[PDB]
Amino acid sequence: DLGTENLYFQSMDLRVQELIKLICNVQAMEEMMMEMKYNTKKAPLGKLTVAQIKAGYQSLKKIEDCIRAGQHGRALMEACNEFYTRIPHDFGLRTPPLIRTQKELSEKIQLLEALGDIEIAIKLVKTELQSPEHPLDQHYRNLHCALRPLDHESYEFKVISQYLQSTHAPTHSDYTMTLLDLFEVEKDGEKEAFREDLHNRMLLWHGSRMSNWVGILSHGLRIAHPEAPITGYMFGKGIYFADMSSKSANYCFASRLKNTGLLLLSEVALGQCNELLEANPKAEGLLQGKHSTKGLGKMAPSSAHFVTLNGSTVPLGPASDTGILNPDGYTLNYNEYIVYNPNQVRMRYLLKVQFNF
């Protein structure tokens, strides 16, 4: 009876144990990378180094350069086939495909960010064979990030549940989400680094792949690699947030097969927003004193329904029309918020979500 054993040994809380086991699962990372077409046979994850990953970003940048110069053939070939040599893919018998659009570049970046976090993960979960500490306690300490499970009958749980449900977007109707459990997050250093002074502090969503949480929790949400192609970033190399739960939960890349994902809530010090109506990867240089970028959506939660939780505005839904319509092109469906310094972020809650397909 695991409840009794836990109580006599006074071991880590069982809910934390299950969370740690889930995010530190190396087999799950192997499966995820195989689904991303990375060749785990030819370049095992255990032998991945950060120099290897950086050389990938570098080849990706050369690919970006080719696309930018309208060059296809020799310079590109030298570029694309060279990326693939550095970051082995498994295309079976098929011609390895060219990388030629923004979105193909984006997919490769997501692959390299994931690899980066797995490289962190595999190091983090190294245990001392002879230590008297349970392996999970060793992993948890190495995160340098407190995770405390919350009472489901609490007010904190009720509001986060309403946030989750009420801001599930109408266009993301392929699944619903069931909140399985909720943890408070306290990452070492974040409270003292945080820009408390800035106005417009909101509690906002961030979704990521299951492979990435060990990285995110141990190192924080980070500014993208300097050598990553800028075109991979709709509003530049910042930290991206949604006020709609499902816009962020789409970035969990959950599926019917792997229906358990995590969502992060963080306090985000937006300060004054520079509001933009469409994509600009150079958005960071447009701030000119302002503190964040707001990519303006067609539908957003409205202020009439906001609530505040320990000093951060929680933008409860439902979402309604914003009167915003780019005349120049394709407007966003929902908002996104970007900050360009980790000191504008304080992680606060981690939700374990079941996706109902």
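All residue numbers are counted from 1 along the displayed sequence.
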query	finding
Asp328: gap in at least one third of other compared structures	yes
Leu129 dropped in a third or more of the other entries	yes
Stretch with the greater mean C-alpha B-factor as recorded in the entry, comparing 76 to 84 against 189 to 197	76 to 84
Higher-scoring stretch by recorded Cα B factor average, 343 to 351 or 11 to 19	11 to 19
Residue of maximum C-alpha B factor among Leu180, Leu287, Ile223, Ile216, per deposited coordinates	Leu287
From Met29, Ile53, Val314, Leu325, residue of greatest CA B-factor	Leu325
Third of the chain's Cα B-factor distribution that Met210 belongs to, per the entry	lowest
Chain-wide C-alpha B factor ranking for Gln130, given as lowest, middle or highest third	highest
Chain-wide C-alpha B factor ranking for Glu278, given as lowest, middle or highest third	highest
Ranked C-alpha temperature factor of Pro97 among modelled chain residues, by third	highest
Record-listed C-alpha B factor of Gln71: chain third	highest
